[PDB]
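Structure data follow from my_file.pdb (PDB, C-alpha atoms and all ligand atoms):
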ATOM      1  CA  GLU A  36      11.196   0.557   4.200
ATOM      2  CA  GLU A  37       7.698   0.918   5.814
ATOM      3  CA  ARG A  38       8.123  -0.520   9.355
ATOM      4  CA  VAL A  39      11.083  -1.979  11.351
ATOM      5  CA  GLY A  40       9.397  -3.585  14.351
ATOM      6  CA  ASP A  41       7.870  -0.786  16.420
ATOM      7  CA  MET A  42       9.341   1.969  14.199
ATOM      8  CA  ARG A  43       7.256   3.496  11.410
ATOM      9  CA  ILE A  44       9.209   4.846   8.446
ATOM     10  CA  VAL A  45       7.571   8.028   7.097
ATOM     11  CA  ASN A  46       8.703   9.403   3.729
ATOM     12  CA  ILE A  47       7.669  13.064   3.415
ATOM     13  CA  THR A  48       8.250  14.950   0.164
ATOM     14  CA  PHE A  49       8.979  18.664  -0.197
ATOM     15  CA  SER A  50       9.597  21.038  -3.068
ATOM     16  CA  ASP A  51      13.038  21.897  -1.633
ATOM     17  CA  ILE A  52      14.866  22.274   1.688
ATOM     18  CA  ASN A  53      13.503  25.779   2.247
ATOM     19  CA  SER A  54       9.948  24.430   2.379
ATOM     20  CA  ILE A  55      10.955  22.325   5.384
ATOM     21  CA  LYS A  56      11.697  25.557   7.261
ATOM     22  CA  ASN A  57       7.914  26.032   7.552
ATOM     23  CA  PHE A  58       7.305  22.483   8.840
ATOM     24  CA  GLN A  59       6.533  22.558  12.576
ATOM     25  CA  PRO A  60       7.631  21.008  14.776
ATOM     26  CA  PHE A  61      10.393  19.289  12.810
ATOM     27  CA  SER A  62      12.179  22.325  11.336
ATOM     28  CA  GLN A  63      13.857  23.019  14.701
ATOM     29  CA  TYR A  64      15.685  19.660  14.537
ATOM     30  CA  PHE A  65      17.311  20.482  11.201
ATOM     31  CA  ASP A  66      20.595  22.377  10.970
ATOM     32  CA  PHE A  67      19.853  24.477   7.882
ATOM     33  CA  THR A  68      23.406  25.943   7.780
ATOM     34  CA  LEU A  69      24.753  22.527   6.677
ATOM     35  CA  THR A  70      25.155  20.982   3.223
ATOM     36  CA  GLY A  71      24.151  17.365   2.470
ATOM     37  CA  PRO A  72      21.518  15.286   4.271
ATOM     38  CA  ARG A  73      21.981  14.628   7.972
ATOM     39  CA  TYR A  74      20.500  12.406  10.680
ATOM     40  CA  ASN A  75      20.210  12.976  14.423
ATOM     41  CA  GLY A  76      21.898  10.999  17.154
ATOM     42  CA  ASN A  77      19.488  12.336  19.792
ATOM     43  CA  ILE A  78      16.641  14.760  20.430
ATOM     44  CA  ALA A  79      17.867  18.354  20.683
ATOM     45  CA  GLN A  80      17.382  21.432  18.551
ATOM     46  CA  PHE A  81      19.714  21.463  15.539
ATOM     47  CA  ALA A  82      20.616  17.835  16.248
ATOM     48  CA  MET A  83      20.474  16.583  12.614
ATOM     49  CA  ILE A  84      24.188  17.101  11.965
ATOM     50  CA  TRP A  85      25.599  13.695  11.001
ATOM     51  CA  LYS A  86      26.358  13.191   7.291
ATOM     52  CA  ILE A  87      24.480  10.238   5.820
ATOM     53  CA  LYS A  88      26.852   8.019   3.826
ATOM     54  CA  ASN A  89      26.413   7.904   0.037
ATOM     55  CA  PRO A  90      22.902   9.410   0.199
ATOM     56  CA  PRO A  91      20.356   9.305  -2.619
ATOM     57  CA  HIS A  92      20.795  12.505  -4.532
ATOM     58  CA  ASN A  93      17.343  13.849  -3.508
ATOM     59  CA  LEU A  94      17.484  12.880   0.186
ATOM     60  CA  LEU A  95      17.204  15.950   2.425
ATOM     61  CA  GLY A  96      17.450  14.479   5.930
ATOM     62  CA  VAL A  97      16.430  11.889   8.509
ATOM     63  CA  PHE A  98      14.857  12.572  11.922
ATOM     64  CA  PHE A  99      14.408   9.837  14.533
ATOM     65  CA  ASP A 100      11.723  10.958  16.967
ATOM     66  CA  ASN A 101      13.217   9.348  20.110
ATOM     67  CA  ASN A 102      16.203   7.623  21.734
ATOM     68  CA  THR A 103      19.855   7.760  20.677
ATOM     69  CA  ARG A 104      22.238   6.114  18.234
ATOM     70  CA  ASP A 105      25.808   6.225  17.000
ATOM     71  CA  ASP A 106      26.668   9.676  15.689
ATOM     72  CA  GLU A 107      29.300   9.899  12.938
ATOM     73  CA  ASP A 108      29.814  11.467   9.490
ATOM     74  CA  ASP A 109      29.911   9.411   6.295
ATOM     75  CA  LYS A 110      29.595   6.113   8.110
ATOM     76  CA  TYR A 111      25.934   4.986   7.879
ATOM     77  CA  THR A 112      23.836   4.725   4.720
ATOM     78  CA  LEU A 113      20.086   5.344   4.743
ATOM     79  CA  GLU A 114      19.472   1.573   4.702
ATOM     80  CA  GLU A 115      21.783   1.158   7.698
ATOM     81  CA  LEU A 116      20.030   4.017   9.502
ATOM     82  CA  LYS A 117      16.677   2.217   9.145
ATOM     83  CA  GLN A 118      18.159  -0.397  11.526
ATOM     84  CA  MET A 119      19.250   2.229  14.071
ATOM     85  CA  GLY A 120      15.969   3.541  15.516
ATOM     86  CA  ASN A 121      17.069   2.044  18.828
ATOM     87  CA  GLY A 122      13.535   2.539  20.233
ATOM     88  CA  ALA A 123      12.326   5.449  18.079
ATOM     89  CA  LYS A 124       8.678   4.982  17.161
ATOM     90  CA  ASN A 125       8.983   7.092  13.999
ATOM     91  CA  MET A 126      11.762   7.641  11.479
ATOM     92  CA  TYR A 127      10.938  10.654   9.307
ATOM     93  CA  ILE A 128      12.752  10.736   5.978
ATOM     94  CA  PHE A 129      12.691  14.030   4.081
ATOM     95  CA  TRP A 130      12.851  13.967   0.278
ATOM     96  CA  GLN A 131      13.041  16.577  -2.445
ATOM     97  CA  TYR A 132      10.535  15.914  -5.215
ATOM     98  CA  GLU A 133      11.878  15.179  -8.678
ATOM     99  CA  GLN A 134       9.778  14.695 -11.815
ATOM    100  CA  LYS A 135      10.438  11.428 -13.725
TER     101      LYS A 135
ATOM    102  CA  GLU B  37       2.249   0.767  -7.996
ATOM    103  CA  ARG B  38       1.382   0.019 -11.644
ATOM    104  CA  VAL B  39      -1.835  -0.499 -13.624
ATOM    105  CA  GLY B  40      -0.691  -1.521 -17.087
ATOM    106  CA  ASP B  41       1.123   1.472 -18.522
ATOM    107  CA  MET B  42       0.007   3.810 -15.709
ATOM    108  CA  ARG B  43       2.447   4.538 -12.916
ATOM    109  CA  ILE B  44       0.694   5.161  -9.595
ATOM    110  CA  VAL B  45       2.813   7.651  -7.619
ATOM    111  CA  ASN B  46       1.968   8.065  -3.926
ATOM    112  CA  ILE B  47       3.357  11.324  -2.496
ATOM    113  CA  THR B  48       3.065  12.183   1.205
ATOM    114  CA  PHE B  49       3.199  15.818   2.292
ATOM    115  CA  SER B  50       3.588  17.716   5.538
ATOM    116  CA  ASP B  51       0.269  19.521   5.000
ATOM    117  CA  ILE B  52      -1.924  20.781   2.179
ATOM    118  CA  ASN B  53      -0.077  24.129   2.285
ATOM    119  CA  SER B  54       3.124  22.345   1.262
ATOM    120  CA  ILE B  55       1.522  21.517  -2.106
ATOM    121  CA  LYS B  56       1.079  25.214  -2.956
ATOM    122  CA  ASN B  57       4.795  25.603  -3.800
ATOM    123  CA  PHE B  58       4.769  22.364  -5.857
ATOM    124  CA  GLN B  59       5.062  22.865  -9.539
ATOM    125  CA  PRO B  60       3.135  21.398 -11.444
ATOM    126  CA  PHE B  61       0.524  20.031  -8.970
ATOM    127  CA  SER B  62      -0.448  23.326  -7.314
ATOM    128  CA  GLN B  63      -2.294  24.765 -10.296
ATOM    129  CA  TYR B  64      -4.365  21.567 -10.742
ATOM    130  CA  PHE B  65      -5.655  21.603  -7.178
ATOM    131  CA  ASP B  66      -8.663  23.716  -6.310
ATOM    132  CA  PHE B  67      -7.796  24.927  -2.818
ATOM    133  CA  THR B  68     -11.279  26.452  -2.309
ATOM    134  CA  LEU B  69     -12.729  22.938  -2.053
ATOM    135  CA  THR B  70     -12.505  20.679   0.964
ATOM    136  CA  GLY B  71     -12.224  16.920   0.806
ATOM    137  CA  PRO B  72     -10.036  15.106  -1.696
ATOM    138  CA  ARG B  73     -10.841  15.530  -5.375
ATOM    139  CA  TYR B  74      -9.808  14.054  -8.726
ATOM    140  CA  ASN B  75      -9.658  15.594 -12.196
ATOM    141  CA  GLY B  76     -11.735  14.543 -15.197
ATOM    142  CA  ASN B  77      -9.350  16.248 -17.620
ATOM    143  CA  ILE B  78      -6.242  18.433 -17.920
ATOM    144  CA  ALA B  79      -7.009  22.083 -17.087
ATOM    145  CA  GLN B  80      -6.072  24.517 -14.349
ATOM    146  CA  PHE B  81      -7.934  23.812 -11.102
ATOM    147  CA  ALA B  82      -9.452  20.612 -12.612
ATOM    148  CA  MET B  83      -9.253  18.530  -9.381
ATOM    149  CA  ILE B  84     -12.874  19.193  -8.393
ATOM    150  CA  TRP B  85     -14.721  15.861  -8.381
ATOM    151  CA  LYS B  86     -15.339  14.329  -4.961
ATOM    152  CA  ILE B  87     -13.639  10.966  -4.415
ATOM    153  CA  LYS B  88     -16.110   8.502  -2.903
ATOM    154  CA  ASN B  89     -15.558   7.315   0.684
ATOM    155  CA  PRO B  90     -11.962   8.571   0.692
ATOM    156  CA  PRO B  91      -9.436   7.092   3.108
ATOM    157  CA  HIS B  92      -8.086   9.022   6.042
ATOM    158  CA  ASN B  93      -5.412  11.547   5.008
ATOM    159  CA  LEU B  94      -6.093  11.417   1.256
ATOM    160  CA  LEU B  95      -5.595  14.895  -0.201
ATOM    161  CA  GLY B  96      -6.303  14.428  -3.903
ATOM    162  CA  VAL B  97      -5.679  12.523  -7.117
ATOM    163  CA  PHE B  98      -4.208  13.955 -10.331
ATOM    164  CA  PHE B  99      -4.189  12.049 -13.645
ATOM    165  CA  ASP B 100      -1.615  13.619 -15.940
ATOM    166  CA  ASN B 101      -3.369  13.054 -19.272
ATOM    167  CA  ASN B 102      -6.621  12.086 -21.013
ATOM    168  CA  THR B 103     -10.206  12.277 -19.755
ATOM    169  CA  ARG B 104     -12.505  10.153 -17.604
ATOM    170  CA  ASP B 105     -15.968  10.252 -16.062
ATOM    171  CA  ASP B 106     -16.381  13.354 -14.006
ATOM    172  CA  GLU B 107     -18.651  13.003 -11.036
ATOM    173  CA  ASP B 108     -19.023  13.415  -7.250
ATOM    174  CA  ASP B 109     -19.184  10.622  -4.686
ATOM    175  CA  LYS B 110     -19.140   7.920  -7.361
ATOM    176  CA  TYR B 111     -15.580   6.581  -7.712
ATOM    177  CA  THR B 112     -13.497   5.266  -4.841
ATOM    178  CA  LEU B 113      -9.724   5.581  -4.920
ATOM    179  CA  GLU B 114      -9.613   1.894  -5.871
ATOM    180  CA  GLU B 115     -11.871   2.345  -8.886
ATOM    181  CA  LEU B 116     -10.062   5.545  -9.903
ATOM    182  CA  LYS B 117      -6.932   3.412 -10.350
ATOM    183  CA  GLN B 118      -8.759   1.666 -13.234
ATOM    184  CA  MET B 119      -9.803   4.974 -14.775
ATOM    185  CA  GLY B 120      -6.543   6.419 -16.065
ATOM    186  CA  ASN B 121      -7.890   5.977 -19.596
ATOM    187  CA  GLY B 122      -4.422   6.502 -21.066
ATOM    188  CA  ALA B 123      -2.953   8.646 -18.296
ATOM    189  CA  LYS B 124       0.732   7.862 -17.943
ATOM    190  CA  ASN B 125       0.813   8.820 -14.244
ATOM    191  CA  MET B 126      -1.758   8.910 -11.449
ATOM    192  CA  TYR B 127      -0.485  11.029  -8.562
ATOM    193  CA  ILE B 128      -2.094  10.242  -5.201
ATOM    194  CA  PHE B 129      -1.491  12.967  -2.601
ATOM    195  CA  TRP B 130      -1.462  12.079   1.103
ATOM    196  CA  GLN B 131      -1.206  13.924   4.404
ATOM    197  CA  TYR B 132       1.400  12.476   6.774
ATOM    198  CA  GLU B 133       0.251  10.993  10.132
TER     199      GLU B 133
ATOM    200  CA  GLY C  59      34.584  30.740  29.607
ATOM    201  CA  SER C  60      31.293  31.532  27.885
ATOM    202  CA  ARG C  61      32.512  30.646  24.374
ATOM    203  CA  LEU C  62      34.569  27.562  25.319
ATOM    204  CA  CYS C  63      34.092  23.855  25.927
ATOM    205  CA  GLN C  64      33.033  23.336  29.556
ATOM    206  CA  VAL C  65      35.565  20.552  30.221
ATOM    207  CA  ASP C  66      37.982  21.935  32.804
ATOM    208  CA  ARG C  67      41.217  21.333  30.841
ATOM    209  CA  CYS C  68      39.685  22.158  27.441
ATOM    210  CA  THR C  69      39.978  25.577  25.785
ATOM    211  CA  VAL C  70      38.381  24.753  22.422
ATOM    212  CA  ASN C  71      36.459  27.774  21.206
ATOM    213  CA  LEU C  72      32.953  26.855  20.048
ATOM    214  CA  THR C  73      31.887  30.101  18.356
ATOM    215  CA  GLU C  74      32.599  28.444  14.960
ATOM    216  CA  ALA C  75      31.220  24.963  15.766
ATOM    217  CA  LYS C  76      27.833  23.546  14.921
ATOM    218  CA  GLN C  77      25.069  25.161  16.913
ATOM    219  CA  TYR C  78      24.407  21.881  18.750
ATOM    220  CA  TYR C  79      27.885  22.025  20.310
ATOM    221  CA  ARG C  80      27.823  25.779  20.993
ATOM    222  CA  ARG C  81      24.383  25.462  22.646
ATOM    223  CA  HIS C  82      25.632  22.763  24.994
ATOM    224  CA  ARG C  83      29.155  24.148  25.530
ATOM    225  CA  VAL C  84      31.037  21.001  24.548
ATOM    226  CA  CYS C  85      33.490  20.273  21.765
ATOM    227  CA  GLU C  86      32.941  17.273  19.492
ATOM    228  CA  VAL C  87      35.710  15.205  21.064
ATOM    229  CA  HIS C  88      34.523  15.663  24.636
ATOM    230  CA  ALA C  89      30.899  15.043  23.648
ATOM    231  CA  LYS C  90      32.017  11.497  22.694
ATOM    232  CA  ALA C  91      34.707  10.922  25.346
ATOM    233  CA  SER C  92      34.286   8.099  27.814
ATOM    234  CA  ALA C  93      35.078  10.534  30.654
ATOM    235  CA  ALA C  94      36.245  14.093  31.188
ATOM    236  CA  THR C  95      36.820  16.196  34.273
ATOM    237  CA  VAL C  96      34.071  18.800  34.478
ATOM    238  CA  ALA C  97      33.612  21.089  37.485
ATOM    239  CA  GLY C  98      36.258  19.054  39.291
ATOM    240  CA  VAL C  99      34.691  15.584  38.954
ATOM    241  CA  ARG C 100      34.685  12.775  36.392
ATOM    242  CA  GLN C 101      31.736  13.138  34.042
ATOM    243  CA  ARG C 102      30.468  11.859  30.707
ATOM    244  CA  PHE C 103      28.377  13.785  28.171
ATOM    245  CA  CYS C 104      24.911  12.207  28.106
ATOM    246  CA  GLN C 105      23.690  11.751  24.531
ATOM    247  CA  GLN C 106      20.071  11.767  25.708
ATOM    248  CA  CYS C 107      20.222  14.902  27.920
ATOM    249  CA  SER C 108      22.974  16.766  26.037
ATOM    250  CA  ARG C 109      24.763  17.469  29.280
ATOM    251  CA  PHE C 110      27.405  15.951  31.521
ATOM    252  CA  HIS C 111      26.496  13.689  34.421
ATOM    253  CA  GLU C 112      28.834  12.058  36.882
ATOM    254  CA  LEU C 113      29.842   8.564  35.808
ATOM    255  CA  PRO C 114      27.685   6.601  38.343
ATOM    256  CA  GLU C 115      24.584   7.931  36.538
ATOM    257  CA  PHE C 116      25.490   5.696  33.568
ATOM    258  CA  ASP C 117      25.220   1.955  33.336
ATOM    259  CA  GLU C 118      28.021  -0.103  31.868
ATOM    260  CA  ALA C 119      29.252   1.056  28.451
ATOM    261  CA  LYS C 120      26.312   3.444  28.042
ATOM    262  CA  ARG C 121      26.411   6.940  26.556
ATOM    263  CA  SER C 122      23.082   7.959  28.068
ATOM    264  CA  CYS C 123      21.990   7.914  31.680
ATOM    265  CA  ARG C 124      19.568   5.336  32.967
TER     266      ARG C 124
HETATM  267 ZN    ZN D   1      36.386  20.022  24.912
HETATM  268 ZN    ZN D   2      21.132  11.952  30.880
END

Rewrite the structure of this file - the entire thing - as structure tokens.
Amino acid sequence: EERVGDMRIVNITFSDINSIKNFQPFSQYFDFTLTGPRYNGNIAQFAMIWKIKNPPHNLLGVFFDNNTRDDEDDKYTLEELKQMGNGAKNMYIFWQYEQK
Amino acid sequence: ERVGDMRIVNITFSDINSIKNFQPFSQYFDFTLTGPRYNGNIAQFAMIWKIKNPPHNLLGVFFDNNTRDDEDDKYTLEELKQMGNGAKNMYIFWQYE
Amino acid sequence: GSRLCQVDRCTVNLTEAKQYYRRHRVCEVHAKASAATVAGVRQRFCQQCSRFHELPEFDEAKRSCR
């Protein structure tokens, strides 16, 4: 939830998904044509395409900053993904703010 | 993350510019000031008082109700957490990395 | 062809696929296949490089090159 070995978990909060479009350099890893939060199996542009299973309703996406991992839709929850850095030093988790 | 009845809410942002599209926190910041500030009361642009010896990447503190001492370079983040004075939420704004 | 999966026997059109696949000229199935014939030789799509390498560039049961 904060660190898994050598991987830092970074929760970043945004007003909405459109505000991420201004966030360099990470915006180029999103696929903004897609609905529902995605994670990346590798480092390429538009690589965050894999549907996170049963996501929190305000989760916007997950970006692992290095290495590779299994790449499938509706198979891995956010908690499972925190175990799948596979060498990534940072796992960035993008959240939409909600007021309590 | 709790001091009695006060919830302490840590929010981490991409940059200070990301806060400017955040209702309701944008109007309580004073973006003409540099260095993280806290508010002594509820009013537009009330986050003006300099937090003392602020940690790296701290962007500001907003208490959502009531009043407290209002002064520069006097209250650390740690002491501010005792200074809600009835505030139901203390928002602590951070810069990532 | 320009708009198609680059696997020799594959004709899947990628103009409607996710940009990641259209960028790299590979359909979803062949991106995950253990091997496919590409440019006349056995290759596997490297997850790390987003491109095919010949099989000896991979260690055992690996989807990225060493
Ligand atoms: Zn194909
Ligand atoms: Zn490779």

- 10 Å contact set for residue 80 of chain C, only C-alpha atoms, chain neighbours under 4 positions out, as a count of residues only: 12

- Message: Please enumerate the residues selected by the PyMOL selection byres (((not hetatm)) within 7 of (chain D and resi 2)) when evaluated against the supplied file, formatted as a PyMOL selection string.
- Response: chain C and resi 104-107+109+111+122-123

- Find the residues of chain B in contact range of chain A, meaning any atom within 9 Å when counting only C-alpha atoms, and list them as a list in words. residues 47, 48, 49, 50, 51, 54, 55, 57, 58, 59, 131, 132 and 133 of chain B

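The residue that comes closest to chain C, out of A:112, A:75, A:131, A:102 and on the basis of all atoms listed in the file, is A:102.
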
- Query: Between C:98, C:79, C:87, C:59, which is the closest to ligand ZN 1 (chain D) once you count all atoms listed in the file?
  - Reply: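 So, comparing all the options, the nearest one is C:87.
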